[PDB]
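Engineer: Make a model of this:
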Amino acid sequence: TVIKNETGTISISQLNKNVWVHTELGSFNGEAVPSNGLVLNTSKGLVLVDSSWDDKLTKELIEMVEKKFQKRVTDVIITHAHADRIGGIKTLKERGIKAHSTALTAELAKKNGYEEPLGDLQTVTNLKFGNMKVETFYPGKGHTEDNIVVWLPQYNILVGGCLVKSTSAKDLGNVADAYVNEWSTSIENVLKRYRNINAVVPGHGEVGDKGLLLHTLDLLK
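Structural biologist: Numbering: from 1, shown residues only. Here you go, the structure:
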């Protein structure tokens, strides 16, 4: 079940009854790049694991899902401080959408001139939205020093964010702010914490399973 917007710039694909993957075509260093996040349809509203590249795409994403699910977006979890993930923060703040992040992600967003997310997430934080349980985990440095992953324990779904590469990725992409040595240890920390994974959603590309984590370890050698 896939649904696209008016221009084909935003798509949502259903993983299960209450979890959808959102994908928006954005731009990085002048090139068209699609990126992923999750839409969690909860009894108390919609929660996004990552919003989009910038304010224009974030507004469109929010409007698309609020209309389809007939509920408001109430919270967003931001996985790292780069423009590619924090870009729509102004939209979130002005609409009263809670933007969750670790303290380090919030410090980095401010340092880079963006409005600040909450800085409320710890190394391990367990959130409950309606009947939807969400666990956030900081595994260590990798794609950036602050990257976190998100786990849905009722579905064993792991949102890897930019820390995890899809099978189609043949290189590490943007490593300007990366820690390539620690990145392997961080992926091992995720594999040690989540031993039974049904699906892994990479930052970009197709949904896979633990093989995407093993693929990322190989790209790091």
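
Engineer: So residue 74 sits against residue 44, correct?
Structural biologist: Yes. Residue 74 lies in contact with residue 44 (C-beta atoms under 8 Å); the separation is 6.9 Å. From N, CA and C alone the C-beta is placed, and that goes for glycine too.

Engineer: Quick check: neighbours shared by the two?
Structural biologist: Shared contacts of residue 74 and residue 44 (C-beta atoms under 8 Å, 6 or more residues apart in numbering): residue 129.

Engineer: Tell me where this protein has strands.
Structural biologist: Under the criterion DSSP state E, strands of the chain are mapped to 2-4, 10-16, 19-28, 31-42, 45-49, 73-77, 98-100, 124-129, 132-137, 149-152, 157-161, 199-202.

Engineer: Output the contacting helices and strands for the last one.
Structural biologist: Going back to what we said before, that points to strand 199-202. Contacts defined by 3 or more C-beta pairs under 8 Å, 6 or more residues apart in numbering; DSSP states H and E place strand 199-202 against strand 31-42, strand 157-161, helix 211-219.

Engineer: which of those sits most buried?
Structural biologist: The highest average neighbour count among the helices and strands packed on strand 199-202, using mean count of other C-beta atoms under 10 Å, belongs to strand 157-161 at a mean of 26.

Engineer: How many residues are close by residue 51?
Structural biologist: Residue 51 has 28 neighbouring residues, counting by other C-beta atoms under 10 Å.

Engineer: thought it was touching residue 61?
Structural biologist: Yes. Between residue 51 and residue 61 a contact is recorded at 6.6 Å, counting by C-beta under 8 Å.

Engineer: Let's have the helices and strands packed on strand 199-202 in JSON lines, adding distance to residue 183.
Structural biologist: Shown next, in JSON lines, are these (distance: least, C-beta to C-beta, whole Å):
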{"stretch": "strand 31-42", "distance to residue 183": "19"}
{"stretch": "strand 157-161", "distance to residue 183": "12"}
{"stretch": "helix 211-219", "distance to residue 183": "8"}
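
Engineer: contact partners of stretch 178-192?
Structural biologist: For stretch 178-192, using C-beta under 8 Å, 6+ apart, the contacting residues are 137, 139-145, 147, 149, 158, 160, 163-164, 172, 210, 213, 216-217, 220.
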